[PDB]
Protein chains: 2
Amino acid sequence: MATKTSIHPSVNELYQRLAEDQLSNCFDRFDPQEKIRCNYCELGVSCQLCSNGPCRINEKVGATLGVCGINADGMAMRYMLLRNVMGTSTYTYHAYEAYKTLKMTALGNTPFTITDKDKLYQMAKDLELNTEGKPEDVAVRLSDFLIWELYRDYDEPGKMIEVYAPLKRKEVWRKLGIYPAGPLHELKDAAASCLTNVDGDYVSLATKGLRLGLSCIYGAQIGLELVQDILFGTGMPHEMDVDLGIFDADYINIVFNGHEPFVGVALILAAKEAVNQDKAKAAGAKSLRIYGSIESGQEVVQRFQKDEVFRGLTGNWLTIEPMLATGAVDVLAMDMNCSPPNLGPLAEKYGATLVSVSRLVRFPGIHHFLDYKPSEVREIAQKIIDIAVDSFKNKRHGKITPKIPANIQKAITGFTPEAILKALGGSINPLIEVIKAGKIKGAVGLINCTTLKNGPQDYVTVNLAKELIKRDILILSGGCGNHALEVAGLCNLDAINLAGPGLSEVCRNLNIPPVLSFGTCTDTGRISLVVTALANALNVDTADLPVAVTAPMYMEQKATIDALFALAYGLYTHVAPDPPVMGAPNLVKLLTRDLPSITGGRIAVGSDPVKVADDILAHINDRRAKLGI
Amino acid sequence: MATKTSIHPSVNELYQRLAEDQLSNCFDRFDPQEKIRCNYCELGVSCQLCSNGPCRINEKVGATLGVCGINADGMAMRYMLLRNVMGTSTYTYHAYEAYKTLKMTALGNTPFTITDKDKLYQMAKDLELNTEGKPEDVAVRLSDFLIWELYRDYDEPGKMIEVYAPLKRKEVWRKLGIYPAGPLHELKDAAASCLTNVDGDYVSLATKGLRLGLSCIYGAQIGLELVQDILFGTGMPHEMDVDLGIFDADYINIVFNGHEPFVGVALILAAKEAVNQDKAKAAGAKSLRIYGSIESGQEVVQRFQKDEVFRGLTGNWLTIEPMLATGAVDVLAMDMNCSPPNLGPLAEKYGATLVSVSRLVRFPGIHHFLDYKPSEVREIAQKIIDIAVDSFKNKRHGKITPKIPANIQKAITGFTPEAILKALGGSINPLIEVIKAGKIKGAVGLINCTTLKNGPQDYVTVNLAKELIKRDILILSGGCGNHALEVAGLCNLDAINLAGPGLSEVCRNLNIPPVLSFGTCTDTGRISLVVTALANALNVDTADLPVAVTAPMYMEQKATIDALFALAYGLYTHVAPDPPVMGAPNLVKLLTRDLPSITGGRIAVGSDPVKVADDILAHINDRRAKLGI
Ligand code: SF4
Ligand code: SF4
Ligand code: FES
Ligand SMILES: [S]
Ligand SMILES: [S]
């Protein structure tokens with residue numbers, strides 16, 4: 001087959017139904033695009049930012065510069081920066097909603113509560129906040145403080161970056177002048193820099209991208225993830241079911257899909273009410289069940305158990321169209337990306353009802369708009385159930401043939417920095433010792449999406465992970481790439497048998513898998529806490545550690561903002577497919593060759609799993625040599 | 001040559017020097033681009049937002065949707081929304097700096113003062129602020145309030161929109177649900193919506209664009225322009241010199257260029273110090289002179305007189321390269337767009353020194369970086385003078401042959417709402433009366449850039465303005481298009497005789513030109529105060545008034561965000577060249593034909609001055625007919 005589908009049997013089975021039903025889908029839509037691909041855009045050397053365009057760089061025809069005078073390096077880095085404003089904006093949006101949700105929870109107007117009170121008070125103490133009064137008082141103060149971090153300008157010093165970044169990185173960032181403003185001002189400044197005839201200097205634009213990455217992690221991601229832990233618990237390792245075989249067509253099936261978990265949690269709470277299970281049964285269903293999809297799903301499985309109501313995680317974004325083709329979904333409730341914009345016809349064909357639960361998410365054919373507000377989430381969740389009951393009765397049951405693949409996989413979800421320390425007996429030292437001894441050569445942060453650009457869904461990701469663990473490299477994973485490895489079975493104890501000799505031994509002694517599910521791409525900041533702990537304990541800089549990052553099937557700028565962060569944090573950062581920059585030679589030289597002398601990090605490229613793994617291992621072994629281990 | 005150059009003889013003369021010197025320039029760089037133009041990008045039906053791209057819509061080869069499933073209408077509107085995040089960000093950036101500058105002025109830390117105290121106290125009264133204490137105390141409170149407007153989230157009601165918008169518009173916006181958040185949250189929400197697999201609904205994306213336009217005018221532009229008036233005075237009509245003949249090579253010549261006028265004002269104040277003049281003469285110059293370029297220059301000519309130090313306005317952004325070829329500039333001090341990124345080689349050839357005065361502005365070959373802070377602007381201005389004296393002595397004097405064109409034109413600058421009321425005897429009603437009587441058919445806000453896309457520099461703008469005034473349509477102008485009309489002589493009393501029978505007679509009796517210079521594209525909000533005053537005087541909605549807007553040589557999203565505002569405000573809004581949307585037929589239908597039933601406004605297109613003017617007049621006459629006049 002000349003059409004890239006998927007490495008996953010479940011998805012290929014459902015692709016077959018979409019094709020038989022003659023429904024458009026991402027896999028098939030790839031092929032027409034291949035007839036007329038623009039190589040200028042592929043290489044980053046086109047521009048559409050003003051009316052003197054559209055421009056292209058082509059020296060042979062005399063088009064060395066854009067009409068305005070910008071060169072290829074400035075052109076490519078500027079559009080990268082602009083797109084990364086979108087990525088930073090999504091993290092900033094999510095963070096603000098988390099903080100408003102914590103505040104309104106403390107004020108009594110949500111179905112949530114303060115669950116991890118120890119984290120709330122420890123964070124408050126680390127931030128030098130007033131901890132007098134009751135937990136609700138402290139939660140309000142924390143929320144307002146973290147909103148201030150979002151809103152801080154160019155000239156007001158941050159506190160989160162001082163608490164959560166390692167010492168030696170701080171001196172690098174001070175020398176380079178890249179301590180960022182809060183993400184709201186930083187993304188506004190970056191967007192303003194990208195307007196025509198403002199910032200046309202590729203070095204400056206790259207520096208602004210590194211600042212944007214730092215602003216996202218310290219100014220949005222770390223606060224939002226810890227606040228979600230305060231609300232919903234800090235994840236600990238537990239068994240979860242994944243893949244599309246978790247569906248049972250005889251139940252009313254509600255799937256929540258996005259990045260923000262608030263609606264999902266509210267749905268689980270509501271579905272556990274006897275009145276709602278009775279509604280489902282009165283409608284002819286066996287009972288009512290909730291399923292998580294993509295990143296919102298992963299947020300929930302990190303912190304919640306499988307039970308009779310919540311059934312597990314469906315898969316990553318390229319599984320959404322196949323998932324509708326099961327003919328088993330009653331409501332798909334969509335809160336952020338990825339909610340692909342041609343789902344309308346598929347929902348109609350397979351008898352599913354689409355519900356947007358964010359003002360961000362709109363596309364043709366959505367039936368219902370229930371935009372999120374914390375004080376309304378209880379009522380939103382109940383309305384979704386009511387919609388699902390009616391949909392089951394009148395759109396799906398007795399009308400739609402279900403086609404649910406048998407594939408279910410088990411994954412150990414819920415690794416957090418706290419889970420790792422517990423597994424090691426309360427200190428990071430045992431991990432340091434197994435690294436020094438060479439049992440584990442190093443560790444990789446796999447922080448990734450999925451795409452079709454460089455292979456069938458998840459092909460590069462899964463095979464690269466297998467090659468890394470064979471080389472005794474431990475993986476901490478987040479994002480759609482984490483869902484892929486979970487579905488592929490790399491996150492359970494059976495996966496120990498795929499690891500090399502040193503990592504297999506450590507995994508068996510600690511009773512952990514060789515791939516540790518750390519959650520979402522929003523958890524890049526949290527993963528940095530583990531790397532920071534290693535750097536602080538060894539008193540070496542992050543750039544000196546035997547680690548690397550890979551986003552090997554990146555799709556959009558949630559992943560690239562995490563890559564820009566990784567570069568600023570000093571790390572070897574592999575990205576595939578190539579970002580649109582390869583036509584800008586001085587920018588390529590900066591990112592791939594010169595950044596080691598600037599931040600310590602560098603971009604690495606390629607889609608061959610074996611070569612990429614060998615290059616990562618070579619970098620790790622170079623770091624090991626310099627450490628004398 | 002067949003290269004599109006300019007309608008201005010001065011620019012054409014200096015283009016010849018650039019060409020003879022074989023220096024790259026915008027005019028010549030247009031031609032290579034014309035060889036390889038992408039029609040997908042021209043029509044808005046390409047996409048580069050994720051790794052599954054670059055995508056193109058071409059139904060003839062089966063590429064009906066992007067890989068993700070988005071259609072052509074969603075694709076085109078989404079990229080328009082993303083680019084307009086940049087436009088909004090630049091206005092928000094400027095507003096924030098204006099508010100910090102007012103605050104730091106009130107605290108005594110700048111070379112500025114509170115000039116228009118009446119306006120300060122009137123704003124405080126209208127906004128229900130505390131007016132106790134001294135004017136400086138009130139200025140601090142106003143600054144903090146206007147910063148709050150910048151930061152307001154989507155769920156907190158704004159006050160500027162209540163005070164400064166008319167009753168019926170507020171009702172329409174309420175009914176449509178398009179009351180925006182503050183511009184910081186609104187631009188973050190817009191950017192997040194544009195990430196792949198978030199908002200792919202062209203109608204929703206267009207609605208978000210309308211909201212973004214409203215947020216920009218009420219949340220940034222009106223506040224910033226009124227605060228600039230508080231600091232530097234409210235413009236009143238006065239005679240100004242324009243065009244490139246204002247230079248004299250025997251002086252030390254400092255040009256400020258951008259949109260934010262703070263550095264330019266500080267430079268004028270410093271240049272008036274006798275000590276600095278003495279320094280210039282000791283260096284061999286006759287004295288030290290300051291000149292304004294583009295929008296920063298226009299802000300200053302609106303409010304300041306020509307004198308021995310401040311000499312006037314050079315022209316719009318396509319004049320910057322020609323200006324350097326005069327061989328008369330000692331420092332070009334650049335604060336924002338437009339600062340074209342290949343000026344370095346031109347500055348080197350012609351003996352000028354480039355200084356960036358904003359962290360936004362970077363490009364190859366800049367000599368000095370003096371990022372603006374209010375408390376440092378006195379030191380910044382003095383350092384620029386010191387740089388300029390050294391540059392005159394070492395780079396230019398006796399080394400560079402000047403070639404200053406002879407052309408100088410007179411313009412009456414400084415029209416504001418206050419100036420119109422004064423010219424009418426204190427009330428708007430005499431203008432209403434001559435409009436009702438048919439002497440003036442209606443009024444157009446010409447809010448525009450300049451570009452080469454649809455003609456030689458300023459060709460469409462000037463010829464359209466001539467056709468409009470011939471049809472007895474009064475013009476209120478802002479932007480690079482206003483600079484064009486000043487240089488072309490449409491803004492002096494001689495231009496009365498270019499107007500039609502009714503408008504010429506009215507202008508002769510009132511002693512005003514038929515084109516009233518209202519300043520910058522940042523003054524769209526201020527122009528809306530005049531249109532709002534007309535709506536209130538006639539007791540009708542803005543969509544019912546005999547007015548229109550035109551951006552007839554738009555370049556980037558400072559202009560398009562004003563056009564989006566104008567559509568939301570209910571106006572016929574002509575834009576040329578075509579924005580990149582014409583390949584999206586449903587989006588075109590929405591913007592050009594269905595919006596009148598939604599907001600009342602519509603987009604109009606075309607670059608033929610006679611046809612565009614006839615279409616504007618036909619809309620105005622339709623509005624007149626429905627008003628009974
Ligand atoms: S910003 Fe420069 S390179 Fe981009 S379209 Fe405009 S003229 Fe061309
Ligand atoms: S967002 Fe959609 S249309 Fe744009 S490049 Fe990605 S797949 Fe193609
Ligand atoms: S699709 Fe237009 S330049 Fe690439
Ligand atoms: S990601
Ligand atoms: S403009």
# chains A, B, ... in the order shown; residues from 1 in each chain; ligands from 1
$ closest_atom_pairs --of "chain B" --to "ligand 3" --cutoff "6 Å" --atoms "only C-alpha atoms and all ligand atoms" --output "JSON lines"
{"residue": "B:38", "atom": "CA", "partner": "ligand 3", "partner_atom_place_in_ligand_line": "2 (Fe)", "distance": 4.6}
{"residue": "B:40", "atom": "CA", "partner": "ligand 3", "partner_atom_place_in_ligand_line": "2 (Fe)", "distance": 5.2}
{"residue": "B:41", "atom": "CA", "partner": "ligand 3", "partner_atom_place_in_ligand_line": "2 (Fe)", "distance": 4.3}
{"residue": "B:46", "atom": "CA", "partner": "ligand 3", "partner_atom_place_in_ligand_line": "1 (S)", "distance": 4.9}
$ residues_near_ligand --ligand "ligand 2" --cutoff "9 Å" --atoms "only C-alpha atoms and all ligand atoms" --output "PyMOL selection string"
(chain A and resi 26+30+33+340-341+555-556) or (chain B and resi 45-57+65-72+75+194-197)
$ write_last_selection --atoms "C-alpha atoms" --output "short mmCIF file (atom, residue, chain, number, x, y, z; two decimals), in the first residue's frame"
data_model
loop_
_atom_site.label_atom_id
_atom_site.label_comp_id
_atom_site.auth_asym_id
_atom_site.auth_seq_id
_atom_site.Cartn_x
_atom_site.Cartn_y
_atom_site.Cartn_z
CA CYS A 26 -6.49 12.07 7.12
CA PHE A 30 -2.41 12.86 2.42
CA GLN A 33 -1.38 16.74 -1.33
CA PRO A 340 -9.95 17.62 13.48
CA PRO A 341 -12.29 19.83 11.49
CA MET A 555 2.97 17.86 14.23
CA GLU A 556 2.51 21.36 15.56
CA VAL B 45 -5.50 28.34 -0.30
CA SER B 46 -2.15 27.15 1.00
CA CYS B 47 -1.28 26.24 4.56
CA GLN B 48 1.99 25.76 6.45
CA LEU B 49 0.71 25.42 9.99
CA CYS B 50 1.71 21.81 10.73
CA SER B 51 4.05 19.07 9.65
CA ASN B 52 1.45 17.26 7.50
CA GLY B 53 1.71 20.27 5.20
CA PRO B 54 2.52 22.27 3.32
CA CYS B 55 -1.06 21.86 2.07
CA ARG B 56 -2.86 23.32 -0.95
CA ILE B 57 -6.48 23.31 -2.04
CA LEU B 65 -9.27 19.54 2.04
CA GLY B 66 -6.03 19.85 3.93
CA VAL B 67 -4.65 16.68 5.47
CA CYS B 68 -6.31 17.58 8.80
CA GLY B 69 -9.69 18.03 7.05
CA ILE B 70 -9.92 21.85 6.91
CA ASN B 71 -11.62 23.40 3.89
CA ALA B 72 -10.47 26.38 1.83
CA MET B 75 -7.79 27.71 5.80
CA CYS B 194 -5.42 28.98 14.89
CA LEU B 195 -3.38 25.99 16.08
CA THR B 196 -4.02 22.92 13.95
CA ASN B 197 -7.17 21.02 14.90
#
$ residues_around --residues "residue 106 of chain B" --least-positions-apart "3" --cutoff "12 Å" --atoms "only C-alpha atoms" --output "CSV table (one decimal) with N, CA and C atoms, in the first residue's frame"
chain,number,residue,atom,x,y,z
B,99,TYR,N,1.1,53.6,28.5
B,99,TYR,CA,0.6,53.7,29.8
B,99,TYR,C,1.7,53.7,30.9
B,100,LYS,N,2.8,52.9,30.6
B,100,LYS,CA,4.0,53.0,31.5
B,100,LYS,C,4.7,54.3,31.4
B,101,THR,N,4.7,54.9,30.2
B,101,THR,CA,5.3,56.2,30.0
B,101,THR,C,4.5,57.3,30.7
B,102,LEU,N,3.2,57.3,30.6
B,102,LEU,CA,2.4,58.3,31.4
B,102,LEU,C,2.6,58.1,32.9
B,103,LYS,N,2.6,56.9,33.4
B,103,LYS,CA,2.9,56.6,34.8
B,103,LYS,C,4.2,57.1,35.2
B,109,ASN,N,9.9,60.9,36.2
B,109,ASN,CA,11.1,60.1,35.8
B,109,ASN,C,11.4,60.1,34.3
B,110,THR,N,10.7,61.1,33.6
B,110,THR,CA,11.0,61.2,32.2
B,110,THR,C,11.1,62.7,31.9
B,111,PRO,N,11.6,63.0,30.7
B,111,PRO,CA,11.7,64.4,30.3
B,111,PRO,C,10.3,65.0,29.8
B,112,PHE,N,9.2,64.2,29.9
B,112,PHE,CA,7.9,64.6,29.5
B,112,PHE,C,7.1,65.2,30.7
B,113,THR,N,5.9,65.7,30.4
B,113,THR,CA,5.1,66.3,31.3
B,113,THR,C,3.6,66.0,31.0
B,114,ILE,N,2.7,66.4,31.9
B,114,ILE,CA,1.3,66.3,31.6
B,114,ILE,C,0.9,67.6,30.9
B,115,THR,N,0.6,67.5,29.6
B,115,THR,CA,0.3,68.6,28.8
B,115,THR,C,-1.2,68.9,28.7
B,117,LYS,N,-4.1,68.5,30.5
B,117,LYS,CA,-4.8,68.1,31.8
B,117,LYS,C,-6.3,68.1,31.6
B,120,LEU,N,-7.0,64.6,30.5
B,120,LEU,CA,-6.8,63.7,31.7
B,120,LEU,C,-8.0,63.7,32.6
B,134,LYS,N,-3.5,65.5,43.1
B,134,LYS,CA,-2.9,66.3,42.1
B,134,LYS,C,-3.1,65.6,40.7
B,135,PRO,N,-2.9,66.4,39.6
B,135,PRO,CA,-3.0,65.8,38.3
B,135,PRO,C,-2.2,64.5,38.1
B,136,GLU,N,-1.0,64.6,38.7
B,136,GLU,CA,-0.1,63.4,38.6
B,136,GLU,C,-0.7,62.2,39.2
B,137,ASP,N,-1.4,62.4,40.3
B,137,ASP,CA,-2.1,61.2,41.0
B,137,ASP,C,-3.2,60.7,40.1
B,138,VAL,N,-3.9,61.6,39.4
B,138,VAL,CA,-5.0,61.1,38.5
B,138,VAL,C,-4.4,60.4,37.3
B,139,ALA,N,-3.2,60.9,36.8
B,139,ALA,CA,-2.5,60.2,35.7
B,139,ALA,C,-2.1,58.8,36.0
B,140,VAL,N,-1.7,58.6,37.3
B,140,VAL,CA,-1.3,57.2,37.7
B,140,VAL,C,-2.5,56.3,37.6
B,141,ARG,N,-3.6,56.8,38.2
B,141,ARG,CA,-4.9,56.0,38.2
B,141,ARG,C,-5.4,55.7,36.8
B,142,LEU,N,-5.3,56.7,35.9
B,142,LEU,CA,-5.7,56.4,34.6
B,142,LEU,C,-4.8,55.4,33.9
B,143,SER,N,-3.5,55.5,34.1
B,143,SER,CA,-2.6,54.5,33.5
B,143,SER,C,-2.9,53.1,34.0
B,227,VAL,N,-3.9,59.0,25.7
B,227,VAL,CA,-2.7,59.2,26.6
B,227,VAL,C,-1.6,59.9,26.0
B,230,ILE,N,-2.6,63.4,26.2
B,230,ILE,CA,-2.3,63.9,27.6
B,230,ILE,C,-0.9,64.3,27.7
B,231,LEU,N,0.0,63.5,27.2
B,231,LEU,CA,1.5,63.7,27.4
B,231,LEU,C,1.9,64.9,26.5
B,374,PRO,N,10.9,54.2,29.7
B,374,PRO,CA,10.6,55.6,30.0
B,374,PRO,C,11.7,56.3,30.9
B,375,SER,N,12.2,55.7,31.9
B,375,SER,CA,13.1,56.3,32.8
B,375,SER,C,14.5,56.4,32.2
$ residues_near_ligand --ligand "ligand 4" --cutoff "10 Å" --atoms "only C-alpha atoms and all ligand atoms" --output "list in words"
residues 87, 295, 446, 447, 448, 449, 450, 478, 479, 480, 481, 482, 520, 521, 522, 523, 524, 551, 553, 554, 555, 556, 557, 558, 559, 560, 561, 562 and 563 of chain A
$ residues_around --residues "residue 519 of chain A" --least-positions-apart "6" --cutoff "12 Å" --atoms "only C-alpha atoms" --output "PyMOL selection string"
chain A and resi 225+234-237+259+294-303+313+411-417+445-448+476-486+491+525-527
$ select_by_dssp --residues "segment 339-517 of chain A" --states "strand (DSSP E)" --output "ChimeraX atom specification"
/A:353-356,368-369,409-413,442-448,473-479,515-517
$ write_last_selection --atoms "C-alpha atoms" --output "compact mmCIF listing (two decimals), in the first residue's frame"
# COMPACT_ATOMS: atom_id res chain seq x y z
CA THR A 353 -23.00 13.44 18.62
CA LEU A 354 -20.28 16.10 18.68
CA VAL A 355 -20.13 18.59 21.56
CA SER A 356 -17.63 21.43 21.80
CA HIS A 368 -23.80 21.63 20.62
CA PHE A 369 -21.62 24.35 22.13
CA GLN A 409 -3.28 -3.07 25.78
CA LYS A 410 -2.20 -2.57 29.38
CA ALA A 411 -0.06 0.40 30.36
CA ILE A 412 1.34 1.54 33.68
CA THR A 413 0.33 5.23 33.76
CA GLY A 442 21.20 7.71 29.90
CA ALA A 443 17.62 8.92 29.77
CA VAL A 444 15.51 10.37 26.94
CA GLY A 445 12.51 12.66 27.19
CA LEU A 446 10.19 11.59 24.37
CA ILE A 447 7.86 14.55 24.10
CA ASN A 448 5.97 14.21 20.92
CA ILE A 473 18.32 4.19 27.49
CA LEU A 474 15.38 4.84 29.83
CA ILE A 475 12.48 6.81 28.33
CA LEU A 476 10.23 9.31 30.08
CA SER A 477 7.38 9.99 27.67
CA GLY A 478 4.68 12.62 27.25
CA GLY A 479 2.16 13.58 24.55
CA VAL A 515 9.17 3.58 29.23
CA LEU A 516 7.71 5.73 32.02
CA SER A 517 4.46 7.52 31.15
$ atom_distance --atom1 "atom CA of residue 125 of chain A" --atom2 "atom CA of residue 145 of chain A"
12.4 Å
$ atom_distance --atom1 "atom CA of residue 219 of chain B" --atom2 "atom CA of residue 159 of chain B"
9.2 Å
$ closest_residue --among "B:29, B:332, B:565, B:271" --to "ligand 1" --atoms "only C-alpha atoms and all ligand atoms"
B:29
$ select_by_dssp --residues "segment 29-81 of chain B" --states "alpha helix (DSSP H)" --output "PyMOL selection string"
chain B and resi 29-35+39-43+72-81
$ write_last_selection --atoms "N, CA, C and O atoms" --output "mmCIF file, in the first residue's frame"
data_model
loop_
_atom_site.group_PDB
_atom_site.id
_atom_site.type_symbol
_atom_site.label_atom_id
_atom_site.label_comp_id
_atom_site.auth_asym_id
_atom_site.auth_seq_id
_atom_site.Cartn_x
_atom_site.Cartn_y
_atom_site.Cartn_z
ATOM 1 N N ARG B 29 13.440 44.666 -5.942
ATOM 2 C CA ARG B 29 13.227 43.311 -5.445
ATOM 3 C C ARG B 29 11.840 42.776 -5.790
ATOM 4 O O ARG B 29 11.617 41.556 -5.753
ATOM 5 N N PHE B 30 10.905 43.661 -6.122
ATOM 6 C CA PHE B 30 9.580 43.227 -6.561
ATOM 7 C C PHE B 30 9.681 42.381 -7.832
ATOM 8 O O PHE B 30 8.927 41.417 -8.012
ATOM 9 N N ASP B 31 10.602 42.738 -8.747
ATOM 10 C CA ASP B 31 10.585 42.111 -10.066
ATOM 11 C C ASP B 31 10.946 40.633 -10.012
ATOM 12 O O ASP B 31 10.243 39.823 -10.636
ATOM 13 N N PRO B 32 12.001 40.214 -9.325
ATOM 14 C CA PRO B 32 12.268 38.763 -9.242
ATOM 15 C C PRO B 32 11.119 37.996 -8.619
ATOM 16 O O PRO B 32 10.810 36.879 -9.050
ATOM 17 N N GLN B 33 10.469 38.563 -7.601
ATOM 18 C CA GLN B 33 9.334 37.881 -6.996
ATOM 19 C C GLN B 33 8.234 37.630 -8.020
ATOM 20 O O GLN B 33 7.576 36.586 -7.987
ATOM 21 N N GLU B 34 8.024 38.578 -8.943
ATOM 22 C CA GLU B 34 6.992 38.449 -9.964
ATOM 23 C C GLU B 34 7.220 37.263 -10.883
ATOM 24 O O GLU B 34 6.277 36.824 -11.555
ATOM 25 N N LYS B 35 8.435 36.760 -10.954
ATOM 26 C CA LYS B 35 8.722 35.634 -11.827
ATOM 27 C C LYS B 35 8.206 34.320 -11.273
ATOM 28 O O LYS B 35 7.959 33.381 -12.050
ATOM 29 N N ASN B 39 0.314 31.213 -6.828
ATOM 30 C CA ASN B 39 -1.102 31.568 -6.850
ATOM 31 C C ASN B 39 -1.889 30.933 -5.711
ATOM 32 O O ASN B 39 -2.925 31.476 -5.318
ATOM 33 N N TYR B 40 -1.437 29.819 -5.145
ATOM 34 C CA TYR B 40 -2.131 29.281 -3.978
ATOM 35 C C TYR B 40 -2.092 30.274 -2.826
ATOM 36 O O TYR B 40 -3.120 30.590 -2.223
ATOM 37 N N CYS B 41 -0.909 30.805 -2.533
ATOM 38 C CA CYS B 41 -0.768 31.778 -1.468
ATOM 39 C C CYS B 41 -1.472 33.078 -1.821
ATOM 40 O O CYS B 41 -2.051 33.731 -0.942
ATOM 41 N N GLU B 42 -1.471 33.462 -3.098
ATOM 42 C CA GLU B 42 -2.156 34.692 -3.476
ATOM 43 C C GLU B 42 -3.634 34.606 -3.129
ATOM 44 O O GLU B 42 -4.264 35.623 -2.798
ATOM 45 N N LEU B 43 -4.218 33.408 -3.265
ATOM 46 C CA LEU B 43 -5.643 33.187 -3.090
ATOM 47 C C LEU B 43 -5.999 32.703 -1.690
ATOM 48 O O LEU B 43 -7.187 32.538 -1.383
ATOM 49 N N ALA B 72 -11.135 25.178 2.305
ATOM 50 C CA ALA B 72 -10.465 26.381 1.832
ATOM 51 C C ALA B 72 -10.904 27.611 2.614
ATOM 52 O O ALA B 72 -10.104 28.529 2.837
ATOM 53 N N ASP B 73 -12.172 27.669 3.011
ATOM 54 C CA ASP B 73 -12.679 28.841 3.721
ATOM 55 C C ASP B 73 -12.069 28.934 5.110
ATOM 56 O O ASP B 73 -11.626 30.010 5.541
ATOM 57 N N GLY B 74 -12.024 27.806 5.822
ATOM 58 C CA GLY B 74 -11.353 27.774 7.112
ATOM 59 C C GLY B 74 -9.867 28.050 6.999
ATOM 60 O O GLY B 74 -9.303 28.783 7.809
ATOM 61 N N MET B 75 -9.213 27.467 5.992
ATOM 62 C CA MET B 75 -7.792 27.710 5.796
ATOM 63 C C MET B 75 -7.497 29.194 5.615
ATOM 64 O O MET B 75 -6.609 29.754 6.277
ATOM 65 N N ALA B 76 -8.213 29.848 4.707
ATOM 66 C CA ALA B 76 -7.926 31.242 4.397
ATOM 67 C C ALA B 76 -8.234 32.153 5.571
ATOM 68 O O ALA B 76 -7.427 33.017 5.917
ATOM 69 N N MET B 77 -9.367 31.951 6.233
ATOM 70 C CA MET B 77 -9.707 32.833 7.347
ATOM 71 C C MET B 77 -8.783 32.616 8.538
ATOM 72 O O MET B 77 -8.449 33.565 9.261
ATOM 73 N N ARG B 78 -8.359 31.374 8.756
ATOM 74 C CA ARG B 78 -7.476 31.069 9.873
ATOM 75 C C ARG B 78 -6.142 31.796 9.732
ATOM 76 O O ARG B 78 -5.609 32.320 10.705
ATOM 77 N N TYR B 79 -5.527 31.754 8.544
ATOM 78 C CA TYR B 79 -4.237 32.430 8.377
ATOM 79 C C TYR B 79 -4.424 33.942 8.463
ATOM 80 O O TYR B 79 -3.567 34.647 9.002
ATOM 81 N N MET B 80 -5.549 34.459 7.977
ATOM 82 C CA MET B 80 -5.833 35.876 8.197
ATOM 83 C C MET B 80 -5.922 36.191 9.688
ATOM 84 O O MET B 80 -5.357 37.179 10.157
ATOM 85 N N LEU B 81 -6.589 35.346 10.456
ATOM 86 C CA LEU B 81 -6.694 35.609 11.885
ATOM 87 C C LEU B 81 -5.317 35.596 12.542
ATOM 88 O O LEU B 81 -4.975 36.483 13.323
#
$ residues_around --residues "residue 434 of chain B" --least-positions-apart "6" --cutoff "9 Å" --atoms "only C-alpha atoms" --output "count of residues only"
4
$ atom_distance --atom1 "atom CA of residue 507 of chain B" --atom2 "atom CA of residue 606 of chain B"
28.7 Å
$ residues_around --residues "segment 597-603 of chain A" --least-positions-apart "6" --cutoff "9 Å" --atoms "only C-alpha atoms" --output "PyMOL selection string"
chain A and resi 169+172-173+176+542-544+563+566-575+588+590-591
$ closest_residue --among "B:407, B:16, B:92, B:457" --to "chain A" --atoms "only C-alpha atoms"
B:92
$ closest_residue --among "A:1, A:612, A:198, A:160" --to "ligand 1" --atoms "only C-alpha atoms and all ligand atoms"
A:198
$ closest_residue --among "B:364, B:438, B:284, B:402" --to "chain A" --atoms "only C-alpha atoms"
B:364
